[PDB]
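To start, the structure itself, in C-alpha cells.
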Amino acid sequence: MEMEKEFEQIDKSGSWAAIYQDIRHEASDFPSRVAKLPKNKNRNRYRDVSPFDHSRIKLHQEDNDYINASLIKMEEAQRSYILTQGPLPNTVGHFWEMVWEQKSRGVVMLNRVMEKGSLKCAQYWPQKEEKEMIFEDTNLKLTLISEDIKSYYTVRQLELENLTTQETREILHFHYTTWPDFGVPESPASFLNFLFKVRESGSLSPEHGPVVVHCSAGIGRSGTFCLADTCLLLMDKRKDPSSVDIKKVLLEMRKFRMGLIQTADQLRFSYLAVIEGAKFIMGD
Ligand SMILES: CO[C@H]1CN(CCO)S(=O)(=O)c2ccccc21
C-alpha cells in the first residue's frame with residue numbers, strides 16, 4: 001500500500017498512537033547481559049536503554065570492552081550504522097576509541113549539549129583550533145581544523161591522532177542544531193537537506209567504516225535518521241518503489257537496537273520525511 005495513502009488514512013482516523021503501540025508489541029527482545037554488569041553502571045546514561053549482546057560494539061581492550069553502542073546492518077540497502085548514546089564524562093575516551101577502531105569517516109549529532117536546561121551529553125570535541133583535547137585513558141588527540149556554521153546545522157573538520165602510532169585521520173562532524181526541545185520539526189525539509197549533506201560527504205559509503213550516529217539516548221532522533229536514509233535507498237534500488245513498508249523496515253532495525261523511534265510523533269515525522277524525500281529519489 002503506497003505509504004502516502006496509508007499516511008492520510010492514519011491521519012484522518014487519528015490512529016498514530018495505535019500503530020506505534022503495535023510496533024512496540026511486535027519488537028524483538030534479546031538479552032543485554034553485558035550492559036547490566038555492575039562494573040558498567042557508570043558507562044550507561046539511561047537504565048532502560050541498553051545495547052543487545054549480539055549486536056553491541058566491542059572496544060579493542062582486554063580490561064573492559066563495553067560501550068553503549070549497537071551495529072545496525074542492512075543487506076539489501078547495503079548500509080550499516082553505529083547508533084550510540086551521547087557520551088558521558090567518563091566515556092568520551094571510549095567514544096573516540098570506537099570511531100578509531102571501526103574506521104568511521106563521519107559522526108552525526110542530532111542534539112544540543114544543553115536542552116530543557118539539563119546536560120544531554122558531554123562537550124566531547126574542541127571548540128577552538130588552538131585548544132586541542134587529549135584522552136589519556138585511550139591515547140588519542142583530537143584537534144578542531146575548521147567549522148562551517150549554517151542556519152539549521154554546523155559541519156566541522158576534526159583531526160584524530162592515534163598517539164600510539166602517530167597515524168592521523170580526518171573525521172567529519174555533522175551537527176543538526178535546530179531539533180526542538182519538545183515535539184518534532186513542523187516540516188522535514190531541513191532534516192532531509194541535512195541527510196543529503198551527510199550522504200554527499202562519503203560518510204555513509206561502503207569504502208568507510210559505519211557512520212556513528214547519536215542523540216541523548218541514541219534511539220529516538222537517531223532512529224529517525226537511519227530509518228529515513230534506509231527507506232529512501234530501498235525506493236531507489238527496487239523496480240516497484242511502492243513495495244517499501246516503513247513499519248517492516250523499523251521492525252528489522254529494532255532487531256539490532258531496542259526502542260528506535262520513541263514516540264508516535266517521531267513515527268509520523270519519519271513517514272513525512274520519506275514521502276517528501278521520495279519526490280527527489282523518483283527523478284525531480
Ligand atoms: C520484508 O523485509 C525485508 C525488506 N525490508 C523492508 C522493505 O520493505 S528490509 O530491508 O528492512 C529487510 C531487512 C532484513 C530482512 C528482510 C527485509
Side-chain angles (χ1 to χ4, degrees), residues 1-32 35 45-56 68-77 79-85 108 110-111 179-180 182-186 188 191-192 195 211 213-235 238 240-278:
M1 181 173 175
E2 160 64 339
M3 71 182 92
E4 188 151 28
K5 312 304 165 42
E6 185 195 351
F7 180 84
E8 291 183 11
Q9 181 256 310
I10 297 153
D11 241 15
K12 88 183 191 306
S13 41
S15 35
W16 283 108
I19 306 308
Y20 181 66
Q21 285 305 320
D22 295 356
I23 288 155
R24 273 177 38 101
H25 188 69
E26 285 306 295
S28 303
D29 190 27
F30 293 113
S32 297
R45 179 175 292 282
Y46 303 104
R47 169 189 50 67
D48 59 332
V49 181
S50 309
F52 303 140
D53 299 316
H54 73 90
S55 55
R56 75 186 181 94
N68 193 319
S70 311
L71 178 65
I72 301 15
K73 270 150 144 181
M74 311 296 296
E75 313 160 44
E76 190 174 357
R79 275 281 215 251
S80 295
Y81 318 85
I82 291 166
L83 270 61
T84 193
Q85 71 186 8
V108 172
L110 303 170
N111 65 292
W179 196 295
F182 294 91
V184 305
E186 190 159 333
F191 190 71
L192 290 164
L195 171 59
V211 73
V213 347
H214 80 86
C215 47
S216 196
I219 61 174
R221 300 177 196 173
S222 292
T224 298
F225 182 92
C226 63
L227 181 56
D229 184 48
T230 284
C231 285
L232 291 168
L233 202 56
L234 291 169
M235 291 173 80
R238 288 181 174 201
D240 181 3
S242 91
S243 67
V244 150
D245 187 335
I246 179 163
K247 299 154 298 182
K248 284 207 189 83
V249 171
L250 178 53
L251 286 164
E252 266 295 329
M253 247 158 29
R254 278 198 180 212
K255 299 174 180 178
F256 297 93
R257 189 171 177 80
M258 60 172 69
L260 301 184
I261 307 300
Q262 280 184 283
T263 69
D265 269 356
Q266 276 176 8
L267 184 63
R268 181 180 188 275
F269 179 78
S270 302
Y271 274 71
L272 273 174
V274 171
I275 292 162
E276 179 61 29

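Each residue takes its place number in the sequence, starting with 1. Values reported hereafter were calculated over all heavy atoms of this structure, with side chains retained and with hydrogens, waters and symmetry mates removed.
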task = Could you tell me the separation between the OG atom of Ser15 and the OH atom of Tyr20, rounded to the nearest 0.5 Å?
result = 15.5 Å
task = Assert yes or no for the condition that the ring centre distance of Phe191 to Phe269 is strictly below 6.0 Å.
result = yes
inquiry  = Measuring only between side-chain heavy atoms, which start at C-beta, is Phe225 closer than 4.5 Å to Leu195?
reply    = yes
message = With a sphere of 6.0 Å drawn around CG of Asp29, does it hold more than 12 non-hydrogen atoms of other residues, nucleotides or ligands?
response = no
query = Minimum heavy-atom separation for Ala77 to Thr230, with atom names?
reply = CB-CG2, 4.2 Å
Non-hydrogen atoms of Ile72 and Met253 that approach each other most closely = CG2-CG, 3.5 Å
query = Out of curiosity, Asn111 CG to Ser222 OG, how far, rounded to the nearest 0.5 Å?
reply = 8.0 Å
ask   = How long is the span from the OG atom in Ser243 to the CD atom in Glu2, to the nearest 0.5 Å?
value = 11.0 Å
ask   = Would you say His214's side chain and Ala69's backbone share a donor-acceptor pair under 3.5 angstrom?
value = no
request  = State which residue, out of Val108, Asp229, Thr84, fulfils the side-chain contact (heavy atoms from CB on, under 4.5 Å) condition with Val213.
outcome  = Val108
key: Any donor-acceptor N/O pair, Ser32 side chain to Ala35 backbone, under 3.5 Å   = no
key: Residue pair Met258, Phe52: steps toward the side-chain contact (heavy atoms from CB on, under 4.5 Å) verdict   = CA-CA 8 Å; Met258 60 172 69; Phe52 303 140; 3.9 Å; yes
request  = Decide yes or no for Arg45 and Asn68: does some side-chain heavy atom of the first lie under 4.5 Å from some side-chain heavy atom of the second?
outcome  = no
task = With side-chain contact (heavy atoms from CB on, under 4.5 Å) as the test, would you mind laying out the steps for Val249 and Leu227 before giving the verdict?
result = CA-CA 7 Å; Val249 171; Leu227 181 56; 3.6 Å; yes
Pairwise distance CG(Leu250) to CD(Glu26) - rounded to 0.5 angstrom = 12.5 Å
Reference residue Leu267; test side-chain contact (heavy atoms from CB on, under 4.5 Å); the match among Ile10, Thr224, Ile261 = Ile261
ask   = Which is it for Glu4 and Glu276 under the side-chain contact (heavy atoms from CB on, under 4.5 Å) test, yes or no, and what are the steps along the way?
value = CA-CA 10 Å; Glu4 188 151 28; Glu276 179 61 29; over 6 Å; no
query = Would you find a donor on one side and an acceptor on the other, under 3.5 Å apart, between the side chain of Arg56 and the backbone of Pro51?
reply = no
Minimum-distance pair of heavy atoms, taken over all atoms of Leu272 and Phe7 = CD2-CZ, 3.6 Å
task = Please round to the nearest 0.5 Å and tell me the distance separating atom NE2 of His54 and atom CZ of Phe30.
result = 4.5 Å
Donor-acceptor contact present, side-chain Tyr46 to main-chain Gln85, <3.5 Å = no
query = With distance as the sole test, does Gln9 use its side chain to make a donor-acceptor pair with the main-chain N or O of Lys5 at under 3.5 Å?
reply = no
ask   = Closest approach of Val49 and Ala217, non-hydrogen atoms and distance?
value = CG1-O, 3.7 Å
key: Residue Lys12 excluded, over 12 heavy atoms near NZ under 6.0 Å   = yes
query = Does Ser70 reach the main-chain N or O of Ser55 with its side chain, forming a donor-acceptor pair under 3.5 Å?
reply = no
ask   = Mind checking whether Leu233 and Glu76 have side chains closer than 4.5 Å, heavy atoms only?
value = no
message = Is a donor from one side chain sitting under 3.5 angstrom from an acceptor on the other, for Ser242 and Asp240?
response = yes
ask   = Any idea which heavy atoms bring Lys255 and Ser28 closest together, and the distance?
value = CG-OG, 3.5 Å
Gap separating the CZ atom of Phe256 from the OH atom of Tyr81, nearest 0.5 angstrom = 12.0 Å
request  = Examine distances only and state if a side-chain atom of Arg254 and a backbone atom of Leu260 form a donor-acceptor pair shorter than 3.5 Å.
outcome  = yes
ask   = For the residue pair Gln266 and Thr263, what are the closest heavy atoms and their distance?
value = N-OG1, 3.0 Å
key: salt_bridge(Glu6, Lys247) N-O dist < 4.0 Å   = yes
